[PDB]
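A structural walkthrough
Spelled out, the chains give:
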Amino acid sequence: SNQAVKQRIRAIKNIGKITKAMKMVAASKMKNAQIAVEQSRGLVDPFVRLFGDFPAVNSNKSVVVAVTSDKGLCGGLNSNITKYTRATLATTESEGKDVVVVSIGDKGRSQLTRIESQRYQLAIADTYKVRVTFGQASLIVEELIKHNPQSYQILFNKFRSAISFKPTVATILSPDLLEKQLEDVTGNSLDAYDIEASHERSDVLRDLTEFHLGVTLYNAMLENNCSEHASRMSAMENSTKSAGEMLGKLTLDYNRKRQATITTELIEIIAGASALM
Amino acid sequence: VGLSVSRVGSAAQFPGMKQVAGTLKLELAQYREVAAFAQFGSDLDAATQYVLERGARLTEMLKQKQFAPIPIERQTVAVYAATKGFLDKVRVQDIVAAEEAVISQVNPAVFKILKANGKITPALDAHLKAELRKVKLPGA
Amino acid sequence: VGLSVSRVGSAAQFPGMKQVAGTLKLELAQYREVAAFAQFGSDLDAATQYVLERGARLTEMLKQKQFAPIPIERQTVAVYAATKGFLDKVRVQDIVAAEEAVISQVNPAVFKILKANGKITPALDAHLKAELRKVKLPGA
Amino acid sequence: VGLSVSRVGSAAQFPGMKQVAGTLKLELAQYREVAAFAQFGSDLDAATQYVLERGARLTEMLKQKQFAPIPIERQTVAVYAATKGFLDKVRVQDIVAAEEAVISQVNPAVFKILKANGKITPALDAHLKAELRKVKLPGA
Amino acid sequence: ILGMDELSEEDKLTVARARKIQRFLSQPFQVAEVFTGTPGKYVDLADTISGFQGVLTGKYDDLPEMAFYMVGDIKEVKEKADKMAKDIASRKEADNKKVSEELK
Amino acid sequence: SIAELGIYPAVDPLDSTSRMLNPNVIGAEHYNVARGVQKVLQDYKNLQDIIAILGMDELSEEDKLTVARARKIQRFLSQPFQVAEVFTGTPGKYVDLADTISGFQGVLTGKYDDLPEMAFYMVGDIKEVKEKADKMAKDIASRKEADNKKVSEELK
Amino acid sequence: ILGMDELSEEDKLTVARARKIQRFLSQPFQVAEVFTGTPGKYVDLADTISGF
Amino acid sequence: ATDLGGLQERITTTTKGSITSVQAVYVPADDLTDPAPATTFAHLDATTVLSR
Amino acid sequence: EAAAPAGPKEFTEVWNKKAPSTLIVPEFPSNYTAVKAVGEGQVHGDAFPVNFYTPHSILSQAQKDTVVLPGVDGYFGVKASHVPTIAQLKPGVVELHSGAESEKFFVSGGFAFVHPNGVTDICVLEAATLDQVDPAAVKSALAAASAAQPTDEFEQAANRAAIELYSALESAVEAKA
């Protein structure tokens, strides 16, 4: 059994090298994918100061997006936003609201089915396989447009720094189905604008809502990707500290057993020599 | 290399090997810090990839072939060619034949100067350096 | 069973179980590696989940009570009922109670012929597999 | 403190120290528990932060200098000033200054009453609450 | 190594229920009350089997872990689970109308 | 550890050595195949610490080629013995030396990378690999035909 | 894993102070001056205390 | 312990002079709990760790 | 008409009544910006703030005095106290004016808001500065797009976008001074 302790020391030592390398891999992938999040944080603002921000809307039909990670050493991010998805898919319900449950990421389909399997409809995965592009987020938004809901619900982690990641609920209102109706405040604040588009307001708010869905989805799955990287970077420095503490304790144990087996073998040799001497 | 020591040290090393093995052992130590991290290939650092690709150059450089002992000028020309960077063209699986394609390609008039002087003199450090660029390495 | 051996081989296995339990220890060999990897639960393959599902049917099959030795023919039917698929889609928490259905609700005449021949004859290979569907299983 | 045990001296220790030290061992157990639960700094719950600060307050209280043993009456009071309030203003660094501030500034007859009685009577609890409010704490 | 955050849902269930029954096997002793302060709790056998059966079936997943720690049976589990909750409100309001004036 | 995976004869390919593994007694086409098999199998045994926790998805498809090549070589090193027909199921195979060297030189250099890994398990030489491969393909294309009869009313 | 100019100003002041204390613990030796050229320095105790 | 303390107890300060020992220490199996350094370290009044 | 009084302040308090108290209130994207539409100010005289965005880049975020914007009716201009407008944009050239200098961004088509407080938001999709464009490939791609006229309205709309984009880009790279 004294080579079981040595092979366990081998195992924990290579694990503590693997996680020390994956911490640096995540720290490399965080620093080049931190600037694309900051370049994306501007474009969400014109639509949020234009369309407003209206989460508690009595939508007849809704689509929820919980955008998660794909690889699963993130350290409780996807479970956190899955709990936020159920905590907002119980909050927004007031009228028997049909909700479409859509998750982007392989670690979203495996948990939102455990939470809500009956209303779960679409699964998008490998959305971080090369990088996040607006054409991809546009195609996902077009697939979310094949459902014609009255609102869209976006659940992502707002990457603040390399430590703080807050889950954010962002909404997108369908143009004439609820968006022009939710601006109707003692009249309307939307009719103060001069529509300069080709056609009427009914197909400039349509184009503008599809664009807002694409922008919110693109910024969501970029910001959540940077939160995934910066949380795996700190969830692989607890693996290195745990594998270092276990290697320290196992090295101490192996030295105790090494000394004990030298003493035991020695006492056996003396006991065998004294029975003849 | 991590455990093989020599308490005499490089005081009893052939000079001309001491000029180039002093950097060979340093880059091999950097590789030994960077080894077992090379299975994460797509996720680069591009500076630890430099010490990774150079250490993988120098590891396959040092292999021999069972009762073919190599004379010391050919050894120091080998770690000159691999250490200075004349073999960054060659992929890691053809450096056992890239060193065979140095000794056969570099003229044998530099080897007796390197054996005789017992160091890489700067005239020779221009000569054999210029001779390693007219070498037909098995590269692609 | 990963460390258990019988060095007589299948020379002295009951022939009605030499053919059924040969593919029992295959699927438990497939079960022993895919279940330690999924102790982490890193990725899913959805067919490796199946051999993790069926191998855990067969672990719950091979459980036994303390002073209840099952003769030989009621052991080969309780493994015919799992290696020919009949106890699939029966809940894993309830295979230790679903197999009293196989001993009771299956005809007592199928054990007298299987003990007499020692091998599942084709007139019994299909006739017993037709009666393993004519049983009431919990969960269903 | 989690491993240090002394059973026979308990229910035979100083009565005032027994009054003020059950909650001392209690809040250090809470401090070791709220340190073992959040071992690395990522989440600030701010309700454990009271325990995580009172524990460091008591831990900085418990440490003392070498070759300077303290009388038990100048020790019951100094741990009264930490298990109760009276030191939650002083940050963590001046507690070794705040302890000698509490000991020097308080009326020295409080120590005589405490040493003679053995326990902190309500007549002594009133003056101990009074004289520990009017001390000039260094964290200010 | 990896923490609880990389466990499955059923394994987080196993870890939570096992931490609860790890605490619930502990009990205060009538002969250890002279140095622990907690009075000793004799537990009947039917109370033990019913309580552990309830923790196993999932009747007490909503309770915290330390409500099971150093209690007699599952009635005292909920007594401490309420008492434990109550102290999460009252941590204050001991400023005036006390017994610590000067003259009385 | 070889034998718990079911590879019988359970020879460790790495720890087993010979004095006939000299290139100037058994030639170069034998020595190079033996050392290349050892190199692939030791590379895979190096890979097994990052395979076992991460799962063969971050390996840049140079290490994945190595894992598939090593698993094919590991299964192909197994051979059903003529004296072990009593144990498992299989008539024994005598594998002549030239067919062994050609087969492992084929698996080593990517000539059989399109064949599945279990067609190499307990087969004699590399044409028995393909013969088990096509047979397995016929087995899977014929597995789904029998679920419509044999449920009642046999032909007496 | 982050870079030189990622950390704060009060911490990099200690990086500079440590990089110039770590240099200041070096000392030329009198018995080294036959194979270095640079002469040796004997440092007094309170001189070391004050200079640090 | 007594064969080590027979040496290391004559290295002390008397009223006449003092003997100060700089003793090279080999930790045997990277093991500080080995009884040769666990007995040696009892007498050691300082350490000077030279590092590569 | 405003029967769902939602917001970044109402969902937090109606979320207190359904979510468990272990979960802190989720954020909303209005929490991360200080500029709004209704709140007055942000003019201080002549220059008004422009917010030029693009998904992958932010080409300008400072203040300008006047913007020339390629609307779908045509290239218009905005002053500081401009009327609230939402403008769909043709493939054209945005010019940001700050004084004598000006930057010439060629965008591919997007929107351009002017908000009721006068803050403007140019939200385009791909925006190349006119220096790094070639006049070579546009002619060949236009000629390849001007001959293939299929029957399907999808590729007809795509080819019409190609004609208009390439025609305006050649027209904006031809007459540059």
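Residues numbered from 1 in each chain as written, not as in the entry; some residues may be left out. Chains lettered and ligands numbered in written order. Part of a larger assembly, values for the part shown. Heavy atoms only, no water. Residues with missing side-chain atoms left out of burial classes, pairs and counts.

The deposited coordinates for this entry were obtained by cryo-EM, with a reported resolution of 3.1 Å.

**Here's the deal with the overall build of chain A**
If you tally the helices and strands in chain A, you get nine helices and six strands. At 28 Å, chain A has a C-alpha radius of gyration far larger than the 19 Å of a compact globule built from 277 residues. With the C-alpha coordinates of chain A rotated into their principal frame, the extents come out at 110 × 40 × 30 Å. Counting only contacts in chain A whose residues sit at least 6 apart along the sequence, the fraction spanning at least 24 positions is 77%. (Helix = DSSP H or I, 4+ residues; strand = E, 2+ residues; numbered from the N terminus. Rg over C-alpha atoms; globule rule 2.2 N^0.38 Å. Contact = heavy atoms within 4.5 Å.)

**Remarks on the overall build of chain E**
Within chain E one finds four helices and zero strands. Beginning at the N terminus, the succession of helices and strands in chain E can be written as α-α-α-α. In terms of C-alpha radius of gyration, chain E reaches 19 Å, well past the compact-globule figure of 13 Å for 104 residues. Along the first, second and third principal axes, the C-alpha set of chain E runs to 65 × 35 × 25 Å. Counting every position in chain E, which comprises 104 residues, the buried fraction comes to 23%. For chain E, restricting intrachain contacts to residue pairs at least 6 apart in sequence, the fraction spanning at least 24 positions comes to 51%. (Buried < 20%, exposed > 50% of the residue type's maximum accessible area, 1.4 Å probe, protein only.)

**Examining the domain arrangement of chain A**
A common way to report how large an interface is uses the accessible area buried once the components associate. All names here are of chain A. By domain assignment, chain A separates into domain 1 (1-24 + 236-277) and domain 2 (25-235). Placing a centre on the C-alpha atoms of domain 1 and another on those of domain 2 gives a separation of 50 Å. At the junction of the two partners, domain 1 supplies eight residues and domain 2 supplies nine residues. When the area that domain 1 buries against domain 2 is broken down by residue, the three leading residues are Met 22, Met 24 and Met 236, summing to 64%. Here domain 1 is connected to domain 2 by zero salt bridges. Between the two partners, domain 1 and domain 2, sit eight residue pairs in polar contact. Put simply, the parts of the chain that give the side of domain 1 that touches domain 2 at least two residues each are α1 (4-32) and α9 (238-274). The element best represented in the side of domain 1 that touches domain 2 is α1, accounting for four residues. (Domains from an automatic or database assignment. Buried area = accessible area lost by both parts, 1.4 Å probe. Salt bridge = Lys/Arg side-chain N within 4 Å of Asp/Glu carboxyl O. Polar contact = N/O pair within 3.5 Å; in protein donor to acceptor, adjacent residues only side chain to side chain.)

**Looking at the state of the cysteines**
In this structure the tally under the stated criterion is zero disulfides over all chains. No disulfide involves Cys74(A); its nearest neighbouring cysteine sulfur is the one of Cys226(A), lying 13 Å away. (Disulfide = S-S within 2.5 Å.)

**Observations concerning the interface of chain F and chain B**
Taken together, the contact pairs eight residues of chain F with five residues of chain B. Summed over both sides, the interface of chain F with chain B buries roughly 520 Å², with 56% coming from carbon and sulfur. Looking only at chain F, the three residues that lose the most surface to chain B are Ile50(F), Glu58(F) and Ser60(F), adding up to 61% of its buried area. Here chain F is connected to chain B by zero salt bridges. Per-element accounting of the side of chain F that touches chain B gives the leading share, three residues, to helix α1 (residues 28-54) of chain F. Residues belonging to the side of chain F that touches chain B are distributed by class as follows: four nonpolar, two polar and two charged. (Nonpolar A, V, L, I, M, F, W, Y, C, P; charged D, E, K, R; others polar.)

**A few points about the nonpolar core**
Judged by nonpolar contacts, the single largest core of 50 residues is most densely connected at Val65(A), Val67(A), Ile104(A), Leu144(A), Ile154(A), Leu208(A) and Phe113(I). Sorting elements by how many residues they give to this core places helix α8 (residues 205-235) of chain A first, with twelve residues. Excluding residues that lie within four positions of it along the chain, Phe113(I) makes contacts with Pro46(A), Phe47(A), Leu50(A), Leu208(A), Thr85(I), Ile86(I), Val119(I), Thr120(I), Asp121(I) and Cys123(I). Counting 32 residues, the second-largest nonpolar core is a separate cluster that includes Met17(C), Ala82(C), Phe86(C) and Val135(C). (Core = buried A, V, L, I, M, F, W, Y, C linked by side-chain atoms within 4.5 Å.)

**As for the packing of helix α3 (residues 73-83) of chain D against helix α5 (residues 108-117) of chain D**
For any two helices packed against each other, the geometry is given by the interaxial angle and the distance between the axes. Residue and element names in this part refer to chain D. Relative to each other, α3 and α5 sit at 110°, their axes nearing to 8 Å. The orientation of α3 relative to α5 falls into the category roughly perpendicular. In this structure, α3 uses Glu 73, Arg 74, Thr 76 and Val 77 to contact α5, whose residues at the interface are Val 110, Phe 111, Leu 114 and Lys 115. Of the residues that constitute the contact of α3 with α5, the class distribution is four nonpolar, one polar and three charged. (Axes fitted to C-alpha atoms, helices over the stretch in contact; angles between N-to-C directions. Parallel < 35°, antiparallel > 145°, perpendicular 65-115°, else oblique.)

**Side note on the sheet that holds strand β4 (residues 75-78) of chain I**
Residues and elements named next belong to chain I. With respect to topology, five strands assemble into an open sheet ordered β4-β3-β6-β7-β10, the strand pairing being antiparallel. Pairing within the sheet leaves two strands with one partner each, and these edge strands are β4 and β10 (127-129). Here the average twist between neighbouring strands, direction ignored, is 25°. Here strand β3 (residues 66-70) runs beside strand β6 (residues 93-97); their pairing, made up of three bridges, is antiparallel. Of the residues in β6, the one forming a bridge with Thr 66 is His 97. (Pairing = 2+ DSSP bridges.)

**Details of the pattern of salt bridges**
Under the counting rule described, the total for this entry stands at 39 salt bridges over all chains. A salt bridge links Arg49(A) to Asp121(I); the shortest N-O distance between them is 2.6 Å. Pair noted here: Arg49(A) is in helix α3 (residues 44-50) and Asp121(I) is in strand β9 (residues 120-123), and the two residues belong to different chains. Each of the two residues, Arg49(A) as well as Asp121(I), counts as buried. In this structure, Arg75(F) engages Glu117(F) in a salt bridge whose closest nitrogen and oxygen atoms are separated by 3.7 Å. Residue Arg75(F) is located in helix α2 (residues 63-77), and its partner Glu117(F) is located in the loop between α3 (97-108) and α4 (126-141); the two are separated by 42 residues in the primary sequence. On the basis of relative accessibility, which here comes to 11%, the residue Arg75(F) falls in the buried class. When its relative accessible area of 25% is taken as the criterion, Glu117(F) is described as partly exposed.

**Things to note about the packing of aromatic side chains**
In the structure shown here, the tally under the stated rule is 17 aromatic pairs over all chains. With a centroid separation of 5.7 Å and 75° between ring planes, the pair formed by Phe76(F) and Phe120(F) is classed as edge-to-face. Of this pair, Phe76(F) sits in helix α2 while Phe120(F) sits in the loop between α3 and α4, and the two are 44 residues apart along the sequence. Residue classification places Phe120(F) among the buried positions, given a relative accessible area of 0%. Among the aromatic residues, those joined into a cluster by ring pairs are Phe47(A), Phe51(A), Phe134(A), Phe211(A), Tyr218(A), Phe111(I) and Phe113(I). For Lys158(A), the ring lying beneath its charged end belongs to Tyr32(I), and the centroid distance is 4.4 Å. Its end group placed over the ring of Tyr50(D), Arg91(E) keeps NZ or CZ at 4.2 Å from the ring centre. (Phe/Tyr/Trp six-rings, centres within 6.5 Å; stacked < 30°, edge-to-face > 60°. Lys NZ or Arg CZ within 6 Å of the ring centre and 35° of its normal.)

**Things to note about the arrangement of the chains**
The assembly contains twelve pairs of chains in contact; the pair sharing the most contacts is chains A and I. Separated throughout, chain B and chain E approach each other most closely at a C-alpha pair spaced 19 Å apart.

**As for the interface of chain A and chain I**
With 52 residues of chain A at the interface, the matching set in chain I holds 51 residues. For the chain A and chain I pair, buried surface summed over both sides reaches about 4500 Å², with 65% attributable to carbon and sulfur atoms. Along the contact surface separating chain A from chain I lie one salt bridge. Listing elements by their share of the side of chain A that touches chain I, those giving two or more residues are α2 (35-40), α3, α4 (77-89), β5 (165-173), α7 (175-182), β6 (194-195) and α8 of chain A. Of the residues contributing to the side of chain A that touches chain I, the split by class is 26 nonpolar, 13 polar and 13 charged. In terms of strand pairing, β6(A) meets strand β5 (residues 85-88) of chain I through two bridges, oriented parallel.

**Quick notes on the environment of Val57(A)**
Residue placement: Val57(A) occurs in the loop between α3 and β1 (61-67). The class for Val57(A) is buried, based on a relative accessible area of 2%. It is 23 Å that separates the C-alpha atoms of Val57(A) and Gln118(A), two residues lying 61 residues apart in sequence. Discounting residues that sit within four places of it in the chain, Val57(A) has contacts with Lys97(A), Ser151(A), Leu173(A), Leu178(A), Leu182(A), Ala4(I) and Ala6(I).

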